[PDB]
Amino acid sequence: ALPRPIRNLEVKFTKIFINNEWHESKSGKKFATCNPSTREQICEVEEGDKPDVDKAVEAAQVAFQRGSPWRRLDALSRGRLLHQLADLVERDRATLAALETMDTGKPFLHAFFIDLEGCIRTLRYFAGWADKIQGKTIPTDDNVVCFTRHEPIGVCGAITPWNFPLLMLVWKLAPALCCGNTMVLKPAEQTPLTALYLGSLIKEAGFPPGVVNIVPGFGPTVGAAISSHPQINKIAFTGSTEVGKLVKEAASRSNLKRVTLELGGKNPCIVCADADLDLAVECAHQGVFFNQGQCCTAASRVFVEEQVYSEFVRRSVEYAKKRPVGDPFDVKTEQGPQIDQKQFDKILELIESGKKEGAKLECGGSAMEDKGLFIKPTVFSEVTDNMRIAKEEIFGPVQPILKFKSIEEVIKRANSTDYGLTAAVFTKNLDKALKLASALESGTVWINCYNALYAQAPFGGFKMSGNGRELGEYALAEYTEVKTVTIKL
């Protein structure tokens, strides 16, 4: 029974969450969050700045202070708390999906069956990890006792983008909390509503005050305050590569806080001659056009082996025709509006760039109408490495298709980039599959699928696509400090 849309439900939580209490800005300033579809203003949210960040950091330090209720808890009890938060999230699943779609213009069905699903699963997983975070006892000498503890790093700041506001937020809160940290979170300016509702849910679930604080605001104000705050021990950022460099160098400059970075990527897609062409084309269509093409794992490059190149292109064009584009709450829609104007502007500008460099076009190339921010699915052909459509992270609906002959060739080409978030390989041949998986400088390598994210499997970027990892057991390493204890007898 697919739920029907929550038509016009009002917002309730719009203030700064600190010590389980709602506060007004120190300055009193407030900003507005708008609807990417209605093109009209949704509501107003408190606009925090450096003083509010100072207050939240103090709260988080007090909740983390030795002997605090949060510190004294059982590992199993922290896990139980995370499970409680997951239960609450599930109870209010439709409300959260509705807020998410209002804030991002994402299809309500997408928000219900993707964002919230991943949120719940991530919460459950890291809840399971809470009482299973184990260090080592080390052999050294007959008279010595040597072991390691994995302790919480302390206060952790989180900074998240607009494409998946809540999900990217859960990815950090879950592991950080199961390791017993305290947090200061900052949602994007565009989409702060889900984060504040989750703060209400955190309070309801019984987390001690000060363990999670939420301060909405703008990147250069609240973000900069967190990234260079002297009392924050860890920072986790997901966003653009440039702001990621800014954050990491601010952390280096301030207090040497540890940094996790989930950034962008020129994600390649590799189709081999022996592929299941139907599934390959379908998955490439998805990886290029899902969520309006605005996700960290967008396929920007598509290498096809000559033996099927033309056939692939043909089928690709075909598949692009039957793609729903309309109301986000529409049950038969797969693509909503864009986020703001700059992304739409530069997407059309680089479509125009590509058509002027010698690439055959077969689909779309314009905007449907001037009611929202919709673009027609575009499909390019006869693309080269030297073209901008093959070297710049697109972040939109466009499928540039290149041609290759050798395995070694496609390896060299795909790896020529500075990014390395994801890569996808489609082939039925065991040897080619495994050789490519081994050779691709990519943090995730999907084979005969796409967007296969799992709470149990680590996600992250090689090279300039990130530093640490989220999801999986690996996320735990970013939220713990190792201490050695050596005792002579």
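Residue numbers here begin at 1 and follow the sequence given. So that the term is clear: the rigid core is the largest set of C-alpha atoms that superpose within 1.5 Å between two forms.
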item	value
Core-aligned Cα RMS comparison in 7 other deposited structures of this protein - stretch that moves more, 386 to 394 or 144 to 152	386 to 394
Higher-deviation stretch (C-alpha RMS, rigid core fit) in 7 other deposited structures of this protein, choosing from 134 to 142 and 311 to 319	311 to 319
Average Cα temperature factor in the PDB entry - higher stretch of 295 to 303, 320 to 328	320 to 328
160 to 168 or 281 to 289, whichever carries the higher mean Cα B-factor	281 to 289
Selection from 54, 40, 431, 47 [criterion: highest C-alpha temperature factor in the record]	40
From 105, 219, 210, 154, residue of greatest CA B-factor	105
Modelled-residue ranking by C-alpha temperature factor, third containing residue 483	lowest
Residue 436, C-alpha B-factor rank within chain (lowest, middle or highest third)	lowest
Chain-relative CA temperature factor third for residue 474	lowest
Relative C-alpha B-factor of residue 187, binned into the chain's lowest, middle or highest third	lowest
Third assignment of residue 262 from its chain's C-alpha B-factors	lowest
